[PDB]
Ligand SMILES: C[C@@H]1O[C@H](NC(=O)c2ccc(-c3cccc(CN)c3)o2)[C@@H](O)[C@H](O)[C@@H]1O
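First, one chain by itself in structure tokens, the form deposited without this ligand.
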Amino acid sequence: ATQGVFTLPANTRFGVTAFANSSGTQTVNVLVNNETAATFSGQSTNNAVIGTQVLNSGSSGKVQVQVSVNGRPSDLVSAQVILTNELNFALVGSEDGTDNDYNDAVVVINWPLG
């Protein structure tokens, strides 16, 4: 099944933050309505934030997270959780090899913002 794709409410601000836990440099690309809205990169084996930014979902509200290493498209796992019917978390984990460490790159999308 497709992973890393989320439908957010239209024209809404959301935060995107990426963490790295791999020996390899992680590249996180965020597409909003099929257009690159943010691109983060970094190397860390201690969960360092390699990028954090505030974006807007636009008309379609279609947000897609892609993760790659040296061009190598990483396999993703994802899900959305909503608490008390108002607080949203779109979560993504990625694997750059065969290590079931879908933690090589972790991406957290949250909304609404202040």
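Start at 1 and count along the sequence shown; that's the residue number.
Note that the form solved in complex with this ligand isn't included here; everything after this is about it.
Site accessibility, open: after C-alpha superposition of the site, this ligand as positioned in the entry with it bound shows no atom within 2.4 Å of the backbone or C-beta atoms of the displayed chain.
Between this ligand and the residues 30, 69, 76, 50, the one pair within 4.5 Å by heavy atoms in the entry with it bound involves 69. Contact check for residue 11: every heavy atom lies farther than 4.5 Å from this ligand in the entry with it bound.
When this ligand is considered in the entry with it bound, residue 15 lies well away from it, no heavy atom lying within 4.5 Å. Residue contact with this ligand in the entry with it bound: residue 45 places a heavy atom within 4.5 Å of it. Taking a 4.5 Å heavy atom cutoff to this ligand in the entry with it bound, the contacting residues in 17 to 51 are 21, 22, 23, 24, 45.
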